[PDB]
>>> print(open('input.cif').read())   # mmCIF, N, CA and C atoms
data_input
#
loop_
_atom_site.label_atom_id
_atom_site.label_comp_id
_atom_site.auth_asym_id
_atom_site.auth_seq_id
_atom_site.Cartn_x
_atom_site.Cartn_y
_atom_site.Cartn_z
N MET A 1 11.97 -24.63 6.38
CA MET A 1 12.87 -23.59 5.84
C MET A 1 12.09 -22.27 5.70
N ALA A 2 11.50 -21.95 4.53
CA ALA A 2 10.79 -20.65 4.31
C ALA A 2 9.74 -20.37 5.38
N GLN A 3 8.90 -21.37 5.74
CA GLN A 3 7.91 -21.23 6.84
C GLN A 3 8.59 -20.87 8.17
N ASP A 4 9.74 -21.50 8.50
CA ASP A 4 10.50 -21.20 9.74
C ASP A 4 11.14 -19.81 9.69
N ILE A 5 11.73 -19.42 8.53
CA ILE A 5 12.25 -18.05 8.30
C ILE A 5 11.12 -17.03 8.45
N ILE A 6 9.95 -17.27 7.83
CA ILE A 6 8.77 -16.37 7.95
C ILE A 6 8.28 -16.33 9.40
N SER A 7 8.16 -17.49 10.08
CA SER A 7 7.79 -17.55 11.52
C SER A 7 8.77 -16.74 12.38
N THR A 8 10.10 -16.94 12.17
CA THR A 8 11.16 -16.17 12.87
C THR A 8 10.98 -14.68 12.55
N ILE A 9 10.86 -14.25 11.27
CA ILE A 9 10.57 -12.83 10.94
C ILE A 9 9.31 -12.35 11.66
N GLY A 10 8.24 -13.17 11.73
CA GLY A 10 7.05 -12.85 12.55
C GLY A 10 7.41 -12.61 14.02
N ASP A 11 8.20 -13.51 14.63
CA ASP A 11 8.68 -13.32 16.03
C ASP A 11 9.49 -12.03 16.18
N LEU A 12 10.41 -11.72 15.24
CA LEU A 12 11.09 -10.40 15.21
C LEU A 12 10.04 -9.27 15.14
N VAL A 13 9.07 -9.37 14.21
CA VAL A 13 7.94 -8.42 14.07
C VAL A 13 7.16 -8.25 15.38
N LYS A 14 6.89 -9.32 16.16
CA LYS A 14 6.28 -9.17 17.51
C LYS A 14 7.11 -8.19 18.35
N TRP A 15 8.45 -8.38 18.38
CA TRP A 15 9.36 -7.55 19.21
C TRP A 15 9.43 -6.12 18.66
N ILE A 16 9.56 -5.95 17.32
CA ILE A 16 9.44 -4.63 16.63
C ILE A 16 8.12 -3.93 16.99
N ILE A 17 6.98 -4.64 16.96
CA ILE A 17 5.66 -4.05 17.31
C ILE A 17 5.63 -3.68 18.80
N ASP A 18 6.05 -4.58 19.71
CA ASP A 18 6.17 -4.22 21.15
C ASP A 18 7.04 -2.96 21.32
N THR A 19 8.30 -3.01 20.82
CA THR A 19 9.26 -1.89 20.88
C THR A 19 8.70 -0.62 20.23
N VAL A 20 8.00 -0.74 19.08
CA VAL A 20 7.31 0.37 18.38
C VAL A 20 6.18 0.93 19.26
N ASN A 21 5.26 0.08 19.75
CA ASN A 21 4.09 0.53 20.53
C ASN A 21 4.56 1.17 21.84
N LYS A 22 5.67 0.66 22.43
CA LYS A 22 6.41 1.38 23.47
C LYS A 22 6.92 2.71 22.90
N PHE A 23 8.09 2.68 22.23
CA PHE A 23 8.77 3.84 21.67
C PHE A 23 8.21 3.87 20.26
N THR A 24 7.14 4.60 19.85
CA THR A 24 6.78 4.63 18.40
C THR A 24 7.77 5.62 17.79
N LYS A 25 9.05 5.12 17.68
CA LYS A 25 10.20 5.85 17.08
C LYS A 25 10.51 7.06 17.98
N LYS A 26 11.25 6.85 19.12
CA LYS A 26 11.42 7.86 20.20
C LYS A 26 10.04 8.18 20.79
#
>>> encode(input="input.cif", output="structure tokens")
Amino acid sequence: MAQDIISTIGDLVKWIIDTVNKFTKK
């Protein structure tokens, strides 16, 4: 449960960091 939610938020964070390092906000 909490570990899987945190792991999933980490996986979202990977995509946010990729998308950020690409477009660091435009």
>>> select_by_dssp(input="input.cif", residues="chain A", states="alpha helix (DSSP H)", output="PyMOL selection string")
chain A and resi 2-22
>>> atom_distance(input="input.cif", atom1="atom C of residue A:17", atom2="atom C of residue A:5")
17.8 Å
>>> atom_distance(input="input.cif", atom1="atom C of residue A:6", atom2="atom N of residue A:21")
19.6 Å
>>> atom_distance(input="input.cif", atom1="atom CA of residue A:3", atom2="atom CA of residue A:18")
22.3 Å
